[PDB]
Amino acid sequence: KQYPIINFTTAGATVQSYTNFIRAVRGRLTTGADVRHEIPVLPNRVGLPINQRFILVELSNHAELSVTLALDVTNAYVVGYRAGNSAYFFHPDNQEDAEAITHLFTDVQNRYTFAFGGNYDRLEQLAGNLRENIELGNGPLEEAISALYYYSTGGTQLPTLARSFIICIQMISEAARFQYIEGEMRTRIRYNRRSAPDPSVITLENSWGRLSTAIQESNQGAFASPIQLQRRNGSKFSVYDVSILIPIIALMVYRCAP
Ligand SMILES: O=C(O)c1cc2c(s1)-c1ccccc1CC2
Ligand SMILES: [Cl-]
Ligand SMILES: [Cl-]
Ligand SMILES: [Cl-]
């Protein structure tokens, strides 16, 4: 009757407890994934039955407020969330996706669809801040959870809601997609720090779709043409093959193979 749920709280969160959480998220996402090749491929959108389409992530904090994010298993991205008796959805791209989300949170009294989508370019505009200037960490995540809840009571304004999406998406969706970004978050939790992400994280996020295409279209592991990434100091380098990214990227959106 309900999609699978993973739980996480920032209250007393540790390196261990955040590691368990991301591992469970990856586990639910890859139930239907293709794991025969070097890197797991998320289920194909086309033909996926509706009862396999979503998973739910339920978050709480020291103030013991709770919100629940809905994640698409085909791309591990947040499509919307529930707070109290209300559900809120990013604007869908097409009719099929609009129909799919009517199967989420079917028991809330109030359903709203934002005019905007959930991509970073738009969310950065609404927040008034680039990812480069939005701190990540347990502290920021705790604050993001309260902000998401209080949107349903009129206590949160849309720019702060946008910045809270940016924090949640990166610390959950992107940390599940990339072992590399999980480690970046793990270091922040370990030393009790909050800091904005460096250029390597942002460029990895911006490249996930392109890397999924290059990997699944590769021939004997070799890319048909290079993809350019950044080190943490902003310097640039090229990747040419699948293998060097096996420790870096954990999940891929389905791509056709010629
Ligand atoms: O700051 C650094 O030293 C590095 C950052 C990255 C490196 S190295 C990398 C090396 C191979 C393959 C993918 C990556 C992703 C980001
Ligand atoms: Cl480890
Ligand atoms: Cl809806
Ligand atoms: Cl808009």
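Numbers run from 1 along the shown chain.
The way this entry was determined, per its header, is X-ray crystallography, 2.3 Å.
Note: Cβ is positioned from N, Cα and C throughout, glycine not excepted.
Taken straight from Swiss-Prot:
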CARBOHYD  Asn7  N-linked glycosylation site
ACT_SITE  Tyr77  active site
BINDING   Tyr77, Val78, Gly118, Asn119, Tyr120  AMP binding site
ACT_SITE  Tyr120  active site
ACT_SITE  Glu174  active site
ACT_SITE  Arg177  active site
CARBOHYD  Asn233  N-linked glycosylation site
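Shown on the structure are the features that Swiss-Prot records.
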residue: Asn7; record: N-linked glycosylation site; Cβ neighbours (10 Å): 13
residue: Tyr77; record: active site; Cβ neighbours (10 Å): 19
residue: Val78; record: AMP binding site; Cβ neighbours (10 Å): 19
residue: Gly118; record: AMP binding site; Cβ neighbours (10 Å): 19
residue: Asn119; record: AMP binding site; Cβ neighbours (10 Å): 11
residue: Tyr120; record: AMP binding site; Cβ neighbours (10 Å): 17
residue: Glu174; record: active site; Cβ neighbours (10 Å): 23
residue: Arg177; record: active site; Cβ neighbours (10 Å): 27
residue: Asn233; record: N-linked glycosylation site; Cβ neighbours (10 Å): 8
Of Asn7, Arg177, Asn233, which recorded positions are close to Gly118 (AMP binding site), meaning a Cα within 10 Å of its Cα?
none
Cα of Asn119 (AMP binding site) to Cα of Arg177 (active site): how many Å, rounded?
16
Going by DSSP, is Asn233 (N-linked glycosylation site) part of a helix, a strand, or coil?
coil
Tell me which of the recorded positions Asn7, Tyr77, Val78, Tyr120, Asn233 ends up closest to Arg177 (active site) in space, Cα to Cα.
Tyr77
Out of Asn7, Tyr77, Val78, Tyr120, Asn233, which of these recorded positions is nearest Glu174 (active site) by C-alpha distance?
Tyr77
Just how spread out is the AMP site if you go by the largest Cα to Cα distance in Å among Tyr77, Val78, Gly118, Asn119, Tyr120?
12
Other than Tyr77, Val78, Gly118, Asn119, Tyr120 themselves, what residues in this chain have Cβ atoms within 8 Å of the centroid of the AMP site's Cβ atoms?
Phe90, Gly117, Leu123, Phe165, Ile169, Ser173
Closest of the recorded positions to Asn233 (N-linked glycosylation site), Cα to Cα, picking from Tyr77, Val78, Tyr120?
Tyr120
In terms of DSSP three-state secondary structure, what is the assignment for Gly118 (AMP binding site)?
coil
What does DSSP call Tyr77 (active site) in the simple three-state scheme?
coil
Write down the Cα-Cα distance for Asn7 (N-linked glycosylation site) and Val78 (AMP binding site), rounded and given in Å.
15
State the Cα to Cα distance, in Å, between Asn7 (N-linked glycosylation site) and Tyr77 (active site), rounded to an integer.
17
Distance, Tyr77 (active site) to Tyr120 (AMP binding site) (CA atoms, angstrom):
12
